[PDB]
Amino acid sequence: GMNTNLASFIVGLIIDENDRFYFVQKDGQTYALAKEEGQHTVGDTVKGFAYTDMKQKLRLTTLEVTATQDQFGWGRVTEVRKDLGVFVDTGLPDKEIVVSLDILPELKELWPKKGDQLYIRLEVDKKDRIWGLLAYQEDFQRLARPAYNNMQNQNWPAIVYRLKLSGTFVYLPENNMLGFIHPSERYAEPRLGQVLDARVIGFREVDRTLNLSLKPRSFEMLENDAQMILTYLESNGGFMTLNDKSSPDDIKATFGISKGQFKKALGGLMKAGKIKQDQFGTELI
């Protein structure tokens, strides 16, 4: 029947080698381990992950393995075949994993495309074929940690993992956080696995997730003095001690302009939604 060692970690005995491979025996079958992965000696045991390659050969790898039967791993979509599903590269040598069309959206416009990213685990069927199973919301919730509430107006990459009529669920891989994009904050329907450049536009307290947009920042024309102050804030950590109550001397020493000119410039930045002020100074927002 089926080879229950496929897509699993095994300890096998190295029984032979050639210039390219160690040949590893386990339960009457021989698995080929690429020599370039590391040195071994014939007659010793070796631990690795057993699978089959695209040439139908039994393989073992000692490299780090991400997607297994028990653990999810990221894969890059390498090929779309409409009558089959999508192929994804999770880093198994000489093996890409098929995610079946039966677990992809019905609508082809929502399928992953080449270059998209999917978070999958492995399954072996009764014919010893490996397939990829998509993570669902609960898996992303287990992976991620609660978002922080100090990220407004930052941009981050965001990977689509779940599609709904109400909006798009995304994972932020640089941050290990979850977010959401309402339809009004994007253009075309995102596809499954699409990698987006998302801007933080709010914080959702109930589940500590980020509200995100794909829309451009508001166009806001700034006069020269306001632009000078904005560039200064961007270069000085988003903060300065100066505000509309500062002394003429301190304003002149830093910016070379009158207090009236400075107040007009801060007013322009306020109206443009770029700053806020309090007793401690002016903050970029």
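Just count from 1 along the sequence shown to find any residue number.
Chemist: Compare the CA B factors listed in the entry for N175, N211, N155, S100 and report the winner.
Modeler: Of the options given, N175 has the highest CA B-factor in the PDB entry.
Chemist: Specify which of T254, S218, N236, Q56 carries the largest Cα B factor in the deposited PDB entry.
Modeler: Among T254, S218, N236, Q56, the PDB entry lists the largest C-alpha B-factor for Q56.
Chemist: Please place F87 in the lowest, middle or highest third of its chain according to the CA B-factor in the PDB entry.
Modeler: Its C-alpha B-factor belongs to the lowest third of this chain's values.
Chemist: Considering only modelled residues of the same chain, in which third does the CA B-factor of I14 rank: lowest, middle or highest?
Modeler: Tercile = middle for this residue's CA B-factor.
Chemist: Considering every modelled residue of the chain and its Cα B-factor in the PDB entry, is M228 in the lowest, middle or highest third?
Modeler: Within its chain, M228 is a middle-third residue by C-alpha B-factor, going by the deposited values.
Chemist: Comparing against every modelled residue in the chain, figure out the third that the C-alpha B-factor of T52 lands in (lowest, middle or highest).
Modeler: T52: CA B-factor falls in the highest third of its chain.
Chemist: Determine, from the deposited record, the chain-internal third of the Cα B-factor for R76: lowest, middle or highest.
Modeler: It falls in the middle third of the chain.
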